[PDB]
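My questions all concern the structure below.
Each chain gets a letter, A, B, C, D, E, F, G, H and I, in the order it is written, and its residues are counted from 1.
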């Protein structure tokens, strides 16, 4: 599997509210007291009253389509046999169940 | 320094015993001790998933797993206890409560 | 030819992300590797990077070069200059968009590097790389000769039908270089081609949304008192965990990915034929492996007494 | 961390069951990233054992 | 065979990326990937 | 070097450095004596019955 | 770190080529133990670099002719920070105290 | 924090060698190590 | 090492070739070293001469 991770919801000088998300093993949490930086400089001016929401979820791997295991349950098995039967110079190839 | 955080194990409860399901991402040192006069200190570097059972008394048992903050768990009367259960039954129930004797008095 | 080669590349555009080490410390470089898959049995690696390549800045098909976002601008260099290694130098096989297919050896981490117009840039990410040899014989490299057995390997073909990923509009990109104190007041360039989103925490005017205008801002003693973001709102990006999202809206769609894992054939070593010695209710086997080879035996009775062992050194067992 | 941590009724089924023990962590001050905690892929562990 | 599928077989039997079939580069080294290329 | 005393110390004793000291050592008991003046005692007539 | 005239130039390195003394850019100098190392800083005789684990240290640089190299035997094995034995620092983790070589020339 | 001590924090929070503070090279990539440099 | 890789730069993309062969040189003497020491004693050994003779 691959852990799908959403882009951070960063609210500068404010506060976000979390909402339900319908994803498998979906987790979401609000973090306060963050001062994010980017290549272009400090993202948010404020040092307090800052909110950074992180959200992540679990999703199937893109390789799963070809590489996967299949769980089966089996019962009540039947046997099919291939007998070469010659009765009085009559050679045949017989496919018959047991 | 930035250090990895040992994955949180699964904790299964029982009579005077705690079952720990370890699933390390890398070789991680497991260390445990009792809070009694006899700590019976046991440690092991575990790199592959495995489930180990430890005995916990009312005196206390401490748990440390990698870089996770140490956690402690104590134990108390679980089962079968000492009900009324007339007759018999309670004789063997009392066997589990306050061992090291019990049979002596009987 | 066909949208698979036309590619959603024209809509996406490469982006930058944080690397743990860029040589001397961390940095926000486009080389950053998002994820690595190592399911193929032939030893090929499928790396997903934050940048895109295979098509040039104009959308023309040119596999000779690679495209990386150099801070405020986007630059391109020949792909052959880009090198990578884990324990030993890898061999790049193919690439398309975000994904890269290469022949890497075993190792504990993946390091990717390329030469800029200045000091060379590199980035290492921790990921366990350990490819399972094809067959019951554990080899390091494929043999010169062997038998053909079925295996599962990463196809290099850009043909894509099954797998797809979600991409969406990037969030506001802060850029402190936009703002300076011309004489004593905050002055911000849009710049020419990008919309400048500016907001102040202090009083007065706290909203700009200046599309294209050079404005002066009073009551701001120092340029540190203001913040400015570069907004594009033109292209989509991969849902990366290192670039903040846009709060207004998340325009998104499904886009297919190359280098699908597919069934195939592999060349595997053939275990050397042992010497067989006969006896009373007993067979003596003289094993002489060229490499660690699994020996498995069983009886045909109700009690198989199944016994197995990985044997790497010559030994005779009865 | 066990075989079958990620389950899907059928190959084409969009709904799936996931139990990875995903725990979000506190991000680094001054760094934009999504920290997380997860159990190792049980598929890989089973493939090894 | 080769890395099934995509490996366009050259005249000399070498296997090349299918993205290098008819890309304007001589990858087979005998020009067979760049001959007969449709417009 | 073997496991540290901090991990091996009995009675759940925790070991801390710099001002070398042991904390939270759950062993024994401590007697207490309280010399309290009679001035602090309150008569029953002031308390509810 | 300083050139032949005593000027501050960290881009180059100074080596005594037999009877004369020559200088080449520092970025040309490479070193490895098991895998190529990353040079961090330098000052005078001393060199600070990010090397991986290995059994010996090999340092090399390109002259105006055949490249020169030198290997010396020394056990290199860095203790991971914390109770978890990692090879490379993780993307995420907790902050713990450690002792490291400062790159500051102070 | 970073490799304590010496890591001059840039405006974008990157850590550089303290020997590259005010050396005439743009190591932060935003020029913040080479701005305000005393004479 | 476990294999030998040889490469050279052409007028185009660099060419390389790896062949599987076990490489494991026996250290000279009763002491198992990785690289020769700075100082030591002189003992007899068998080595490949570089002389074209």
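Following the convention adopted for this analysis, a contact is a pair of C-beta atoms (placed from the backbone, for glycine too) under 8 Å apart; a residue touches a chain by one contact, two chains touch by 3 or more.
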| item | value |
| --- | --- |
| Shortest chain-hopping distance from chain A out to chain I | 2 |
| Of C-I and C-H, whichever chain pair has more C-beta contact pairs | C-H |
| Cα superposition angle of chain E on its copy chain H, in degrees to the nearest 5 | 120 |
| Chain whose Cα mean lies nearest the overall Cα mean | C |
| Centre-to-centre distance between chain E and chain D (centres being mean Cα positions), rounded to whole Å | 40 |
| Rounded Å distance, chain D centre to chain I centre (Cα mean) | 45 |
| Rounded Å distance, chain B centre to chain E centre (Cα mean) | 65 |
| Euclidean distance of C-alpha centroids - chain F vs chain I, Å | 69 |
| Junction residues of chain G, two or more chains touched | 40-41, 86-87, 89-92, 100 |
| Two or more partner chains touched - positions in chain D | 23, 25, 30-36 |
| For chain H, residues contacting two or more additional chains | 3, 7, 11-13, 17, 29-30 |
| Chains touching one another, given as label pairs in label order | A-C, A-D, A-H, B-D, B-F, B-G, C-D, C-E, C-G, C-H, C-I, D-G, G-H, G-I |
| Parts of chain F lying in touch with chain B, wherever the complex brings them together | 3, 7-12, 26-27 |
| Sites on chain C touched by chain G in the complex | 20-21, 23-24, 85, 87, 108-109, 111, 119-120, 122, 124-126 |
| For the chain C and chain D complex, residues of the former touching the latter | 18, 132, 241-244 |
| Chain G partner contacts - residues on chain D that touch it in the complex | 25, 28, 33, 35-36 |
| Complex contact set, residues of chain G against chain D | 91-92 |
